[PDB]
Structure formats: C-alpha cells, structure tokens
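First comes the structure, then the notes that go with it.
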Amino acid sequence: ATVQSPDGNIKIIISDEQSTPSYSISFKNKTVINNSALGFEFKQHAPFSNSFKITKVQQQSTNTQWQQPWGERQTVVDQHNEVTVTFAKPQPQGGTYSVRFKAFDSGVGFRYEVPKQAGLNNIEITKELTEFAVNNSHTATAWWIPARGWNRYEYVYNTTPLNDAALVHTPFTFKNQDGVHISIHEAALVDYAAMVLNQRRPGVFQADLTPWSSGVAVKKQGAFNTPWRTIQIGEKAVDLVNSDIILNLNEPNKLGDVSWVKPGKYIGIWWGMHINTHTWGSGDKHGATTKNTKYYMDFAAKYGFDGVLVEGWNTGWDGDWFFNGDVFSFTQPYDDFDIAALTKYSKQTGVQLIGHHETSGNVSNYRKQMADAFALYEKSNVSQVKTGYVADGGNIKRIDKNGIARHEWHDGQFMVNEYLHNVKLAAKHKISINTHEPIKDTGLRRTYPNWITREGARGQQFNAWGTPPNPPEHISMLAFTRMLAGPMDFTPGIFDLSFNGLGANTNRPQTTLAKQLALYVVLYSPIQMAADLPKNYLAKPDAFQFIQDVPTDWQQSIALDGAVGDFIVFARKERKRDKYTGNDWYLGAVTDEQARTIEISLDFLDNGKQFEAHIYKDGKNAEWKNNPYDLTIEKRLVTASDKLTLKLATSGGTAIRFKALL
Ligand SMILES: [Ca+2]
Ligand SMILES: [Cl-]
Ligand SMILES: [Cl-]
Ligand SMILES: [Mg+2]
C-alpha cells in the first residue's frame, strides 16, 4: 500500500513481505526511512508480530482549516492524504489490527487501531515493535538528549553521529548526508506510555515505551489505539519548525468556550530563590510574604504584566524542599502570606496571583488535596497555576490502593494520566496549567486549551546554578528539538547577568543582553516571564521597553532561517487581542557561541504598509563573556521591499518591533 503527501514529495510504502508488517518512506524519491517493523508484544496475550498480511486499504484525504483560541498562529491548515491499512493473521494465535497513516507535505503521522476481537480482553503491552530505520545512518548527524536519565528532560543537547544516539527522548532531530532534516516525535499521548527511541542494529530506532514500576508498559481493556508516531521531514531545518503536524494530529478542543484562558506576560517571586537572595522556606529571607507580593503586584500593574507567580507560599518548604514531597500542604499558607489580603489586592491592582503547586514528586499527596487546592485558588481569583514534579528520573512517588509506595517514571502511562487529570480538574475551575517537570508536549493544548505551557527542558533556572550553565548554543538547539513539541516556559529576560561575576566560568546566562530580548520572539509560549528581579529591569528602562511591548499571542509565525545548534530567526505577527491591534510584526534572532551575520528580507511585512522598526541589537563591541551588555537601539522606517543585515555577537541576538504606521 502507498500514500503520498499532497505535493508528492513524501511517499510511504506499507508492506507485508517482511517478517512483520513494515513501512518505508522516501523524500523526493530517495529512501530516508528503510523497512521499519510494526507490531506489539504483550505480557500474556499472543504477539502481533509475524504472519500478518494486508487485507484492506482505505484511502481518504483532508483539505481544511481551523482556528486556534491562542497560539503561534491563528489559522491552522490541515492538508493531508490518509490511508488505513488492515492486517490480519489467521488462527491459531491470530488477530487483526490496522495502521492509519497521514501524509502531509511536512511529515508523516501513523497510529495503530486495534479493534474489538475475541480474546483481546485485559491486556498489558510489554513492547511496541515500531521501528524508525534511518537510511545511511552512518553519515547522519543528530542533536539529542539521553532518555531514562536521572534529570529527565533537563539535559543539554549532544551533537554526534546518528549511530552514537543510543537511547533518546523525542523530539529526536537529525539530518542525513543529503541535508534532509528529520525529527521523530509523537502526538496525542493519552492513556499510554511515552515513547523513547532505542537504537538497536545501527540506524534502527525501536519504540521503547516507558514502563510501570511493575514492568509492563501499557494497560488496556479491549480495543485500543496508540498515540500518533510522527516523522517530520524537510529539506531545511526551518521546514521542521514551520509545520503544524503535531497540532493537526490532536483532537479538537473539548473545553468549549476557553476565553478564560489568557495569554500574557508575568513576573514572579522566583529568581531570587534561585540566586539565593530569598528562600522558599520560612525565615528572614522568605520570598513569599504579603509585603513582597504586593511590591511585585505594584510593579506588574505599572509596567504591564498580568500576573505574579509566588513560590514558597504554602507550608512544607522548610529545610530541603527536594525531600519534602510528603509534607507539602496545598491549602495552608505560611503565616506571613495573607492570601485573603492578596486576593483583595489583586482586584485593586488588576494583577493576578499565579498559583504554585510543587509536589517534589509525591503525586498522591497532591492528588489527595487537589480539589481543595483548586477550590481555594478559584475563591482567591487565581486563573493560572504552575505545577511541579521535582524528583529524579523514575522517582515519582505514588501510594497504591494498599497503602504501599511505588516509584514511577514521569513519562509512563500512570503519570501521563496523572497530568491530564490535573489539567482537566483545573479546567473545571477555569484555571490554566503551566507544568514543570512535565510529560513532553504532544499537542494536547489543542484538545485542552488550558494546558498552556510546560518546561520539560533546561530553561533559565540552569543559568543560576547549573555548574555549568546552559551553553551559548542551547537556544539554537532548543529551537529545532524541544520547541518542535510545543510551547516552553523558558523564563527569559535576565538583565543582571553579573550576579556571580562575568566571564566564561561562572553560573550565569552565557549570552548578551540583546539575546535575552530575542528570546521573547524565538521561544514561543502563550505566557512569557520577565524572570529577573524588578530592580534589574528598573536599571535598564530602554531595554525593558521591548519586554513591555512584546505580545505572547500571534496570528502568524515564520522561522525565516536557521541551522540546528547554530542560529534561528523568527518573524511573528501579533494577534489582535487586548491592547494589541494585530498590525505589528516582531522578529527575534539568536546565535550560538559564534558571532554570525545573517541577511534577512523583510518581505514578510504586509504589502503597502509602512513600519517603524525598533531594533534592539548587540552593540559594536558586544561579546558574551566580558562585554554582554553593549546594546544598540535604533529606529528605522521600513517596508516589505527592504532588507536587514543581522549582526549577532558571540551568543548574541536581535529583537525587533515593526510598529505599523497609520
Ligand atoms: Ca525544572
Ligand atoms: Cl523535565
Ligand atoms: Cl540559555
Ligand atoms: Mg553551533
């Protein structure tokens, strides 16, 4: 059986001639994915592996579009060809299942659909046989993070030959000798175990499902589908970025009117704890006090921020909070945090409190209190909550029905279901969720639009204490790996880079000041933190104006140019909402450790309109190690027929507001 993208460049062949059912993929008539197996092994049920033959193929197609309530673009186009291939094996130990493939111009998605059939009752998947066999893997280059490690998704990316990527998380991005870029991921991860990729024979990446502590991967009763497995394919790195395939493979919004989900910018009592000017726990340096929170709310009201995150407000942080998962209360504030007074103050100032539920990995202690915790926040005029699951890989703690503790993975079926329960319960309270230590993004924000963002990668916090901090190349890695999954709460915008001393050997963001501004356009998130202490913004009002101006919700986004681990340039048009007219464009560009010159056409600007470009760029002598603050801000009249030369310093960047003129 064969299905092709609408433009014909991607061709999938589904076969039953190999030991199992299999598929392969060509791009512009060159094989990029060799014969790759399909099937399942179960704990007790007979396997779905060899001796299955194709009995039926059903071809359909889609050419439609839909509108996002919020996002990186307003209108999402869905154009794909689709084939459902049915396989059957005669008795004994026979069975039937189908695989549905969707072929887009930008990539492929497929999933298994296992129907009701005799003997398929309570089953436990122990292995998914799905492969991604990369052709010519010996000359391919990959940019990847290890899976099943002690620090979850929070690793810097490795640059290696593809054959050295032994066990990796997704999105898993690489390029072949021809320059074709490919990224493997999944979409709509619901009631199933996350897929890790396990390189078997050279170039053959096998699905490796993250298991329960008992050892099985996925528990199902009867008929079941898998999540989508996705293979993005493009001739250029930015062709991976500019795809909507992940959203397009998710189910439509199930929450109805979600106008109560509000993109915007926020600040927080947060960074001070990471740089040790405050503590989460009680005492003379406690960050989460009534007085401190009102001070932040006053600043947010004056400078245009919607909310103030406050961590350390609830009892349980005293001591070493990493070990306090058993004792956190999610309803009882410390005596110096007056939540009723702050609720009144939020109504006076128009600035909301952003809630915080750190579990330190004990999800049963949280689940027990969750309904009361969200009821408190709904009563307290709280619309957004940051959650946390801080524990090493494989050390989620749950208490089972017999009162016995079990350790689980953050990305097993158990936690996949635990995260979605939290999001669905929050939605009943009109609360949106920002998940730190999350399951990776698989597009579920389409279906549940209150799941607004997540961490799930190294963000700004590692630049306070990472030892080492994130390297200069980190953003240009994230843009073509982590960010292919969806929005990230990176917490950009550190203006004081000197708190541990300058140079290349201290814990600090290893960037220039202008690169910190560029992050608001390079790294998409519907909520964007201005992460620094307020006084550090007051010290640099000219640079701070860009953060005050920049929106977080876009009617269109375009990655204009870039290369994995080297640089990225984004242009985005603001969505008409709140104070934003919908007429302004914004641009952000960042580089890695190298200074880089990038020529850009401005033909993304609307035809026939004049813009005033407000350009925030690295100064003449800027250099991230010892001269990161040199900054030039200039205004230039431009139209779509103009060009721009970006001159990025070492670990530098540029941020531009294109202000439409009336
Ligand atoms: Ca974290
Ligand atoms: Cl993580
Ligand atoms: Cl960084
Ligand atoms: Mg590089």
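By order in the structure tokens, chains are A, B, ...; within a chain, residues start at 1; ligands start at 1, following the order shown.
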Problem - Exercise: segment 202-218 of chain A partners within 9 Å, only C-alpha atoms, chain neighbours under 6 positions left out, as a count of residues only - result: 42
Problem - Expected answer as a ChimeraX atom specification: residues within 12 Å of ligand 1, only C-alpha atoms and all ligand atoms - result: /A:151-155,274,322,358,360-361,386-392,434-438,454-463,465-466,488-491
Pull the closest atom pair for each residue of chain A that gets at most 6 Å from ligand 4, along with the distance in Å to one decimal, counting only C-alpha atoms and all ligand atoms, ordering rows by chain and then ascending residue number, as a Markdown table.
```
| residue | atom | partner | partner_atom_place_in_ligand_line | distance |
| --- | --- | --- | --- | --- |
| A:473 | CA | ligand 4 | 1 (Mg) | 5.6 |
| A:565 | CA | ligand 4 | 1 (Mg) | 4.2 |
| A:566 | CA | ligand 4 | 1 (Mg) | 3.6 |
| A:592 | CA | ligand 4 | 1 (Mg) | 5.3 |
```
Exercise for the section: Write out as a list in words each polymer residue whose atoms come within 12 Å of residue 379 of chain A, counting only C-alpha atoms; drop sequence neighbours fewer than 6 positions from it. Expected result: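 What passes the distance filter is residues 331, 339, 340, 342, 343, 344, 353, 372, 373, 429, 430 and 431 of chain A.
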Exercise for the section: Name the residues, by chain letter and number, that sit within 6 Å of ligand 3 using only C-alpha atoms and all ligand atoms, and give them as a PyMOL selection string. Expected result: chain A and resi 470+474-475+509
Determine, for each residue of segment 35-71 of chain A having at least one atom at most 12 Å from an atom of segment 100-116 of chain A, the closest pair of atoms and their separation in Å to one decimal, counting only C-alpha atoms; order by chain and ascending number, as JSON lines.
```
{"residue": "A:38", "atom": "CA", "partner": "A:112", "partner_atom": "CA", "distance": 9.0}
{"residue": "A:39", "atom": "CA", "partner": "A:112", "partner_atom": "CA", "distance": 8.6}
{"residue": "A:40", "atom": "CA", "partner": "A:112", "partner_atom": "CA", "distance": 10.0}
{"residue": "A:48", "atom": "CA", "partner": "A:114", "partner_atom": "CA", "distance": 10.2}
{"residue": "A:56", "atom": "CA", "partner": "A:100", "partner_atom": "CA", "distance": 11.8}
{"residue": "A:57", "atom": "CA", "partner": "A:100", "partner_atom": "CA", "distance": 9.6}
{"residue": "A:58", "atom": "CA", "partner": "A:100", "partner_atom": "CA", "distance": 9.2}
{"residue": "A:59", "atom": "CA", "partner": "A:101", "partner_atom": "CA", "distance": 9.7}
{"residue": "A:60", "atom": "CA", "partner": "A:102", "partner_atom": "CA", "distance": 9.4}
{"residue": "A:61", "atom": "CA", "partner": "A:102", "partner_atom": "CA", "distance": 8.6}
{"residue": "A:62", "atom": "CA", "partner": "A:102", "partner_atom": "CA", "distance": 9.5}
{"residue": "A:63", "atom": "CA", "partner": "A:104", "partner_atom": "CA", "distance": 10.6}
```
Problem - Shell around residue 68 of chain A at 10 Å using only C-alpha atoms, local window under 3 positions removed, as a list in words - result: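 So, after excluding close chain neighbours, the residues are residues 71, 72, 73, 74, 75, 76, 247, 252, 253, 445, 446, 449 and 555 of chain A.
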For the residues in the current selection, export N, CA and C atoms as a short mmCIF file (atom, residue, chain, number, x, y, z; two decimals), in the first residue's frame.
```
data_model
loop_
_atom_site.label_atom_id
_atom_site.label_comp_id
_atom_site.auth_asym_id
_atom_site.auth_seq_id
_atom_site.Cartn_x
_atom_site.Cartn_y
_atom_site.Cartn_z
N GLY A 71 -2.28 30.88 20.31
CA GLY A 71 -1.23 30.07 19.74
C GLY A 71 -0.18 30.90 19.03
N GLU A 72 0.68 30.18 18.31
CA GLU A 72 1.71 30.75 17.45
C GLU A 72 1.15 31.14 16.08
N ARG A 73 -0.07 30.73 15.76
CA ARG A 73 -0.76 31.23 14.57
C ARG A 73 -2.26 31.04 14.80
N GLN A 74 -3.04 31.89 14.14
CA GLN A 74 -4.49 31.90 14.35
C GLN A 74 -5.17 30.79 13.56
N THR A 75 -4.80 30.63 12.29
CA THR A 75 -5.42 29.67 11.40
C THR A 75 -4.43 28.55 11.12
N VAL A 76 -4.85 27.31 11.34
CA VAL A 76 -4.03 26.14 11.09
C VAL A 76 -4.62 25.41 9.89
N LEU A 247 -0.07 19.70 16.21
CA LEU A 247 -1.44 20.15 16.48
C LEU A 247 -2.46 19.44 15.59
N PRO A 252 -9.94 17.94 18.31
CA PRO A 252 -10.38 19.32 18.53
C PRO A 252 -10.69 19.60 19.99
N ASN A 253 -10.58 20.88 20.34
CA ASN A 253 -10.95 21.44 21.64
C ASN A 253 -12.17 20.76 22.24
N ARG A 445 -2.61 20.70 23.94
CA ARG A 445 -3.18 22.04 24.08
C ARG A 445 -4.30 22.30 23.07
N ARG A 446 -4.31 21.61 21.92
CA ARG A 446 -5.43 21.79 21.00
C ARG A 446 -6.72 21.30 21.64
N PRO A 449 -7.29 23.48 25.85
CA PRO A 449 -6.55 24.73 25.67
C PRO A 449 -6.14 25.43 26.96
N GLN A 555 -0.89 35.86 15.36
CA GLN A 555 -1.74 35.37 14.28
C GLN A 555 -0.95 34.62 13.21
#
```
Problem - Residue with smallest distance to ligand 2 - pool A:589, A:497, A:147, A:504, counting only C-alpha atoms and all ligand atoms - result: A:147
Handout entry: Every residue of segment 274-503 of chain A that DSSP places in strand (DSSP E), as a PyMOL selection string
Key = chain A and resi 307-310+352-358+384-388+396-399+405-408+432-435+451-454
Handout entry: Minimum-distance residue to residue 521 of chain A, chosen among A:656, A:405, A:533, A:433 (using only C-alpha atoms)
Key =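 That would be A:656, the residue with the smallest distance to residue 521 of chain A.
Separating atom CA of residue 278 of chain A from atom CA of residue 523 of chain A is a distance of 27.8 Å.
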Handout entry: Best match for closeness to ligand 2 among A:273, A:439, A:404, A:633, counting only C-alpha atoms and all ligand atoms
Key = A:439
Problem - Every residue of segment 384-552 of chain A that DSSP places in alpha helix (DSSP H), as a ChimeraX atom specification - result: /A:413-428,462-465,474-478,513-522,534-538,541-549
